[PDB]
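Offset between the sequence shown (1-based) and my numbering: plus 4.
Ideal placement from N, C-alpha and C gives every residue a C-beta, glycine not left out.
Written out below as structure tokens is the structure these notes cover.
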Amino acid sequence: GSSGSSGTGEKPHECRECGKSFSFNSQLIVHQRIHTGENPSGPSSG
Ligand SMILES: [Zn+2]
């Protein structure tokens with residue numbers, strides 16, 4: 005089972021959804037499609 009750790013890396017594009025980081029925008033965009041794309045466990049409030 006996956007684990008949890010701190011300090012992943014600083015990138016010019018962070019995912020306010022989960023907290024991920026992508027050196028490039030195009031990337032963060034393809035990832036965010038996972039939050040709005042489906043209906044996970046409470047993605048966001050507003
Ligand atoms: Zn995310």
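Expected contact under 8 Å - CB spacing of residue i and residue j to nearest Å
i, j, result
"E21", "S45", "With 8 Å as the limit, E21 and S45 do not qualify as a contact, their Cβ atoms being about 12 Å apart."
"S27", "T12", "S27 to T12, Cβ: 12 Å. No contact."
Beta-carbon proximity check, residue i vs residue j, cutoff 8 Å
i, j, result
"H39", "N29", "no"
For ligand 1, list every residue whose C-beta falls under 6 Å from any of its heavy atoms, going in chain order.
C19, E21, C22, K24, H35, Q36, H39
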